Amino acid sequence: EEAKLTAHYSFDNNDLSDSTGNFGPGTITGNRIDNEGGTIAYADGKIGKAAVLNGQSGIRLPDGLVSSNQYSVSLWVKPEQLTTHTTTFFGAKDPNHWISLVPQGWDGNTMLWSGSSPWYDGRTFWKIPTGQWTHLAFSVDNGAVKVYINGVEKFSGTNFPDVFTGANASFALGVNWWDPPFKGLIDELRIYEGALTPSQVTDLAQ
């Protein structure tokens, strides 16, 4: 049972639209998820045109993008800088119940982070470079969670929080409620219902 695709934010057309047509387009935020006045440029990315994030800007995605107990997220990033706790994909029912794919987390490594009630540490023990393209993916199947870097599985575990089942949660690229906005390039955002097979993974990564 391969994971089913639901959303593809590719930026290929120099806009924040979902190419599958399922979801409304993304918005532009200021330096947090809940504010406005940012900027988004478009530069050559991993596939076609990628989104540029200047370190004070983000993208609001539509509420309820993920709303199940079985889901996955894939994307490419090219960091111009790294800042601790700063999100890529995020992630939140409210400020106390959130998920976050973090390039440099509290242990200084890439991690899938959830908090704060409770706290989940999805530690990869792997560190991301600036000025290079890294592929990141992760799947959630009823508490069963796995994290992939460049196609390589680095974290697995269980008892992941069901943050999204029953909630109209806020989703964003590059910003949250507390930390520096991501700076650099984000490309090819894809959302899935169901947990990506290893095969789909290695495909997406290469």
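Numbers for residues come from their place in the sequence shown, where the first is 1.
Chemist: Taking the recorded C-alpha temperature factors, which stretch has the higher mean, 128-136 or 115-123?
Modeler: It is 115-123 that shows the higher mean C-alpha B-factor.
Chemist: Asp162: which third of its chain by C-alpha temperature factor?
Modeler: Its C-alpha B-factor, which the entry lists for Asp162, ranks in the highest third among residues of this chain.
Chemist: For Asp179, return the chain-relative third of its C-alpha B-factor as stated in the PDB record: lowest, middle or highest.
Modeler: For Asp179, whose C-alpha B-factor we compare with every modelled residue in the chain, the answer is the lowest third.
Chemist: Tell me, lowest, middle or highest third: where does the Cα B factor of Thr20 rank within its chain?
Modeler: Highest third of the chain for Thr20's C-alpha B-factor.
Chemist: Lowest, middle or highest third: where is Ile28 by C-alpha B factor in its chain?
Modeler: Middle third of the chain for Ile28's C-alpha B-factor.
Chemist: Sorting the chain's CA B-factors, does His97 end up in the lowest, middle or highest third?
Modeler: For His97, whose C-alpha B-factor we compare with every modelled residue in the chain, the answer is the middle third.
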